[PDB]
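A.B. asks: please work out how this folds:
(3 chains)
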Amino acid sequence: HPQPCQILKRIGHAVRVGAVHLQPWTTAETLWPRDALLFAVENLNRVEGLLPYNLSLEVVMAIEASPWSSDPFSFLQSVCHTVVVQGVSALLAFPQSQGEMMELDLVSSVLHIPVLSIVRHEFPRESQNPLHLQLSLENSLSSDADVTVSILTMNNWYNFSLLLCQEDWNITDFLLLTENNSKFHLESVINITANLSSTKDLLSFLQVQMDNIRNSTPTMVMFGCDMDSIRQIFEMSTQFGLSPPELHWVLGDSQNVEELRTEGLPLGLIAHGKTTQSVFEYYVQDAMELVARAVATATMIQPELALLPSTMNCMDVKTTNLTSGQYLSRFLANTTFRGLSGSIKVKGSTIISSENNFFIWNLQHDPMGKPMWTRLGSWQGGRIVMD
Amino acid sequence: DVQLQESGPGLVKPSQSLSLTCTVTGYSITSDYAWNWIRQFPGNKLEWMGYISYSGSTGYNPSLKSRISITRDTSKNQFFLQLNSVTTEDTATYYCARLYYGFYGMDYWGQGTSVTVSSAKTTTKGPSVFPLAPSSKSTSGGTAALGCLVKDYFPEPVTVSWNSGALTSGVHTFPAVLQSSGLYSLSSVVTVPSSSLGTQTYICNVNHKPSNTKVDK
Amino acid sequence: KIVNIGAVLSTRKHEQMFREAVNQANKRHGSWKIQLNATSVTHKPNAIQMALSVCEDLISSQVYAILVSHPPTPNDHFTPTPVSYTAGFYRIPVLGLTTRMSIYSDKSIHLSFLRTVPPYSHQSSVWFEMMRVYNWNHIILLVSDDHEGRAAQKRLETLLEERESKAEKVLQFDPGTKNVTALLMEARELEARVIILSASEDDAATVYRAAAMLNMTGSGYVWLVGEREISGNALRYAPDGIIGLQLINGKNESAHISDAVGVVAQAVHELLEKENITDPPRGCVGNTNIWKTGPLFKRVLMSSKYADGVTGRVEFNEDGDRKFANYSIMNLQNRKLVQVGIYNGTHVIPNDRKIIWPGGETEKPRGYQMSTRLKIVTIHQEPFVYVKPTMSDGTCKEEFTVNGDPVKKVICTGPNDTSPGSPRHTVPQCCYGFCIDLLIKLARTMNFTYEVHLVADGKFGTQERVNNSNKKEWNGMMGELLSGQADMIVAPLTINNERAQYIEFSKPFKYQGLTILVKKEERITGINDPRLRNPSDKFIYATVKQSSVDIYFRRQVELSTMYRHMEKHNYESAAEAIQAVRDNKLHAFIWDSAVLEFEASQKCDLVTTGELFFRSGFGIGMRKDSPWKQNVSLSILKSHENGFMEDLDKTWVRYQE
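C.D. replies: Numbering: from 1, shown residues only, chains lettered A, B, ... in the order given. Pasting the structure now:
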């Protein structure tokens, strides 16, 4: 084992993580990067074994010294000037707007340092660079579509009712996954705001739609309808007596467990809920765990790989025959583990989306008389272990 | 436009880093030509050299494939060299110009600098201040014995000039065997003029590449 | 009227050229009251420090535009990242020459990137405008790149969508391909020969060496490449004749700088003449100076149609490219720079030279290939296609016919069993009969090379919803015809409106009908009788799944109650049903009239009925856009007009004992 006692003389035998973008979140909510980083460091120090080879993620607070909400100059020039004083090893970014996000590509191109883009909303992926990662920890629809496909394949149901209420969602991935799978037979979509101001016409349209889908496709899955549409459907189901054998209502989009409807649920519906939340501290902890796993894999591959800094100045780039940034960006994409707030699954280091863990909660006819989420199945990231 | 001037230092210390500055300043430098020097030395032949690109391919021959490091100086649209431990046959007349990729030939006159292996202190000894004495007695024909006698300065392969742009009827350079003592007695001569009678003075002023001295007589 | 022009300069010569351009620009805008700033910044190696210095020097004078007048960008990867990222926050277009990379041209992440450099998208647009008279819509995308390759693929997709056509094989690859020979072999098999490389010069030299190794350089192949793809080391193995598009106003720093300065001056003049000229706040560091009129300013600057003497029309593209760059396409004939065309703005018209190819002709080459690769797919048609097992390891002894003449037979290498039995075990057999004679006659009349192969499956396929990504098409030999495996289905498929929607047919060669095989309620008297029209669970006759009889029962409007009853006795082939009905296992069997007649003439126990229905000539299934769709039909018609096909049928199918 080659002893790497010749490159830790400037970094102090510790991974110097750059704490850039320390400005509090104010644009479109009220997150705090300081408390999140503190909680992440506390969680990393509590559970031993995350940083092997006597390594420690030295989170150096790089603050310039809200007019500084999207200024790239203050968070770039002074940040590099203060971070290249001992050698740049790692860097964690917090893109607040487009101005703080576009600079990450330039940073990764001029320094060859893998950065993490913790964005709020969906940003385009024009720069398909492996060093410029994109971690959009949000409530996507890919995991929900995968769960729906698994449920349809395990129950032999090729038909479905597309509840298309609005179009300002991420239904693009739903269509992309539908074009690949052959278990989708759509006949008529269910709308709620199809130019219906009064209530009589809306009720008549709903009655016609349900009488049409009773025999066409008795499987209504939620794929983009808001909470108001679900509430109205649950209110009209009890008044009309829409039983799961007649109309099997399925709740595909599982946002949270506290936002899930727990009133007026028919006995025998498919209503799943995302156990994880959208806490920023949990996302920072998952990012820290992913960086730790990547550093561990790099050290296991080559001892002089992770300890060797990719750059040491504001303009130095690692373009040698044996680099470190490419290996660091390609190793974490293979050894994908299960994070705290959802399993961290690297999707080509460009469209990374943490797949949250779900549980099959099919509320059937409770004999005791209390509605409880019966765990008839499981979901460990694709597999379903029935009981 | 079309500028193939070789402004590289043609006089450096032996076994010293030769920072050959090839100020092309032409159309573009972003991987369009080869920009390599030719090893034209009387006595032997040359070999197929390499070619630089935007990435800075500093490998010409398999021997010096990774020894030298050509620095990409995009500020002045030129590049530097780091030729270390140069031999005798390698050190010859350099042609660091806009060499077109393909090695077809040439369509211009003979230019380029020729770096030597002589010491800087040996070559630089002081301009020989010799007054120009017109002969005006060897009236034999069109070409006689009359010209400047300036010596003891930089090697012959330099920017040879005249007294503020004098007559250049029949000027042509020719790389010859250099002297190891450093006493380069370079002195150009013209065929038709400077061979007449009277008081017509034809003092030459040979300019230097790393000195730019044009006041020596 | 105080619109300053911020120029990003690097060399003193560039500064002098910019000053001269500003001095001479008085005649362009008619000596307007605009003050062009003389900001002359020095070049810095650091990308971020140079960007900061440029931002400071431009905020010290409050300029309104960006003008990069140096091809070498300060970035290490030779990308216009710093200037774009420092101009996007201030909503200022980057009207300067940086590089010829096309990935940054597409405005996806950045919203204020208006680079006026012609990218590979402009090259693709020029190629599209030039190929309008060549009919070369089929282009083989062989670019091995992750950014430029994806940009070129998107541009080609947009071009094909705007042209209302389709491509042949469009797919991106990864840089650093070693098995490039397989790519050339795949491109040679396809009819398209438009090889496009726009990734780098290393892959260009690699594909040039791969084409020269197989002697396929210029011999009908289209080689449309640019100057960046031939620069460096790319023409060392390519012969003289490669069409190399020279980058007009892409690398020059003598007249291109002055042209860009004049264009920017005219643009800011036309913008000042129009509305939306509100001065943005001071965009200093450490402050949020997002321009609220950013989109409006970009929309006003977009409509900058002027009348120049050099270029006729000037208009930005869909990605904000150069305003109709006059790309002069050059050719490497005898290693020269002859001009073969000029992009005026609507069409590339040749001036003096035409397209020259190293292995082709100076005139229009043959881009599309012929139809000499007709893969003849065979199926179980024993009365017509006598599929005989092989006698030896490839040796097929020509057995003597009734006239004592050895019939020439072609081997049929294919899976003898079905898909579950033999997935890909292609076993050669000695297929002979009327089909081989027809193929020989067609190959003698025409000049195509037929390929005899047996289908892996044993069914024809149905047009129901398949389990493959919900593709309502045929699942079988007809589906393989659509994918590209099969080229000419020699089987006489039943012509109908359902099959005519996907592919077409040819001239029918075997004019037959549809009857029922009986074993002479003993008699069946056709299908109109109520005894078999509405059968019971124990009155189901023989039927074949995914066959002509299945399609005939599906298309029927009054036999829907019997269509569902046939699902009990569905088989994988007709041989099973024949073996069942010949051994007293089922009631009857519905199949082709000629096949049942041959079975009745051979097997004495099987006596089919006399009532014949569905008298229609079953044609040969052909492709949808095949060039020889009418040639094979005319050949079959000419062969049927004379007394040859009839005699062959009487001597082969009519086996009377």
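A.B. asks: when you work out contacts or count neighbours from here on, use the C-alpha atoms and nothing else.
C.D. replies: Noted.
A.B. asks: which residues of chain C lie near chain B?
C.D. replies: C:10-11, C:42-45, C:71-72, C:231-232, C:236, C:251-254 (C-alpha under 8 Å from any C-alpha of the partner chain).
A.B. asks: and those, which is closest to residue C:404?
C.D. replies: residue C:236 (63.0 Å; C-alpha to C-alpha).
A.B. asks: ok, which stretches of chain A are strands?
C.D. replies: Along chain A, the stretches classed as strands by DSSP state E are A:15-19, A:57-61, A:90-92, A:161-163, A:219-222, A:248-251, A:269-271, A:362-363.
A.B. asks: for residue C:99, which non-adjacent residue is spatially closest?
C.D. replies: Of all residues beyond its chain neighbours, the one nearest residue C:99 is residue C:71 (6.3 Å), with distances taken as C-alpha to C-alpha, 6 or more residues apart in numbering or on different chains.
A.B. asks: next: residue B:110.
C.D. replies: Nearest residue to residue B:110, sequence neighbours excluded (C-alpha to C-alpha, 6+ apart): residue B:173, at 7.0 Å.
A.B. asks: report the separation between that neighbour and residue C:320.
C.D. replies: Applying C-alpha to C-alpha, to the nearest Å, the value for residue B:173 to residue C:320 is 53 Å.
A.B. asks: please identify which helix or strand holds residue C:342.
C.D. replies: In the assignment (DSSP states H and E), residue C:342 maps to strand C:338-343.
A.B. asks: pull the residues that contact the helix or strand following that strand.
C.D. replies: The helix or strand immediately downstream of strand C:338-343 is strand C:348-349, counting by DSSP H and E. If you take C-alpha atoms under 8 Å, 6 or more residues apart in numbering or on different chains as the criterion, strand C:348-349 is touched by C:126, C:129, C:130, C:341, C:342, C:343.
A.B. asks: ok, now stretch C:625-640?
C.D. replies: C:370, C:371, C:442, C:445, C:506, C:507, C:509, C:622, C:623, C:645, C:646.
A.B. asks: over to stretch C:316-334?
C.D. replies: C:105-107, C:113-119, C:122, C:126, C:240-248, C:302, C:311, C:313-315, C:337-345, C:355-356, C:358.
A.B. asks: contacts only, for residue 102.
C.D. replies: Because you didn't say which chain, this covers chain A. By C-alpha under 8 Å, 6+ apart, the contact list for residue A:102 reads C:85, C:109, C:110.
A.B. asks: right idea, wrong chain: chain B
C.D. replies: Taking C-alpha under 8 Å, 6+ apart as the criterion, residue B:102 is in contact with residue C:236.
A.B. asks: helix, strand or coil for it?
C.D. replies: Following DSSP: H, G, I helix; E, B strand; the rest coil, residue B:102 is assigned to coil.
A.B. asks: and residue A:304, how many neighbours?
C.D. replies: Neighbour count for residue A:304, taken as other C-alpha atoms under 10 Å in any protein chain shown: 19.
A.B. asks: nearest residue to it other than its sequence neighbours?
C.D. replies: Excluding the flanking residues, the one nearest residue A:304 by C-alpha to C-alpha, 6+ apart is residue A:4, at 5.7 Å.
A.B. asks: burial count for that neighbour?
C.D. replies: Applying other C-alpha under 10 Å, we find 14 residues neighbouring residue A:4.
A.B. asks: okay, which residue of the chain is out on the far edge from center?
C.D. replies: This is for chain A. residue A:200 (41.0 Å; C-alpha atoms, centre = their mean).
A.B. asks: not quite, I wanted chain C
C.D. replies: What lies farthest from the middle of chain C is residue C:521; by C-alpha atoms, centre = their mean that is 58.3 Å.
A.B. asks: separation between that one and chain A?
C.D. replies: 40 Å (C-alpha to the nearest C-alpha, to the nearest Å).
A.B. asks: helix/strand/coil for that residue?
C.D. replies: Assigned state for residue C:521: coil (three-state reduction, three-state DSSP).
A.B. asks: report the separation between the residue most central in space within chain B and residue B:124.
C.D. replies: Nearest to the mean C-alpha position of chain B, by C-alpha atoms, centre = their mean, lies residue B:113 at 2.6 Å. Residue B:113 sits at a distance of 18 Å from residue B:124 (criterion: C-alpha to C-alpha).
A.B. asks: next: residue A:295.
C.D. replies: Per C-alpha to C-alpha, residue A:295 is found 59 Å from residue B:124.
A.B. asks: for residue A:203, same thing?
C.D. replies: Taken as C-alpha to C-alpha, the span from residue A:203 to residue B:124 is 105 Å.
A.B. asks: residues of the stretch 101-250 of chain A that sit close to chain C?
C.D. replies: With C-alpha under 8 Å from any C-alpha as the criterion, the stretch 101-250 of chain A meets chain C at residues A:102-103, A:105-106, A:109-110, A:123-128, A:178-184.
A.B. asks: so which of these sit within helices?
C.D. replies: Of these, the ones assigned to helices by DSSP state H are A:102, A:103, A:105, A:106, A:109, A:110, A:178.
A.B. asks: how about the residue of the stretch 201-350 of chain A found nearest chain C: what's its closest non-neighbour residue?
C.D. replies: Nearest residue of the stretch 201-350 of chain A to chain C: residue A:315, at 5.2 Å (C-alpha to the nearest C-alpha). In this structure, residue A:315 finds its nearest non-sequential neighbour in residue C:46, 5.2 Å apart by C-alpha to C-alpha, 6+ apart.
A.B. asks: which ones are touching the one you found?
C.D. replies: Applying C-alpha under 8 Å, 6+ apart to residue C:46 gives the contacts A:314, A:315, C:74, C:75.
A.B. asks: show me where chain B has its helices.
C.D. replies: Going by DSSP H, chain B shows helices at B:120-123.
A.B. asks: on that earlier part again, could you report the separation of the residue farthest from the centre of chain A from residue A:165?
C.D. replies: 19 Å.
A.B. asks: for the stretch 51-200 of chain A, just list every one of the helices.
C.D. replies: A:77-83, A:98-111, A:142-155, A:171-178, A:200-216 (DSSP state H, counting those that start in this stretch).
A.B. asks: any idea which of those helices gets closest to residue C:224?
C.D. replies: Taking C-alpha to C-alpha as the criterion, helix A:98-111 is the member of those that comes nearest to residue C:224, at 30.7 Å.
A.B. asks: what's the closest of the ones in helices among the residues of the stretch 101-250 of chain A next to chain C to residue C:81?
C.D. replies: Relative to residue C:81, the closest of these is residue A:106; by C-alpha to C-alpha it sits at 6.0 Å.
A.B. asks: what's the closest non-adjacent residue to the closest one?
C.D. replies: Of all residues not flanking residue A:106 in the chain, residue C:81 sits nearest, at 6.0 Å (C-alpha to C-alpha, 6+ apart).
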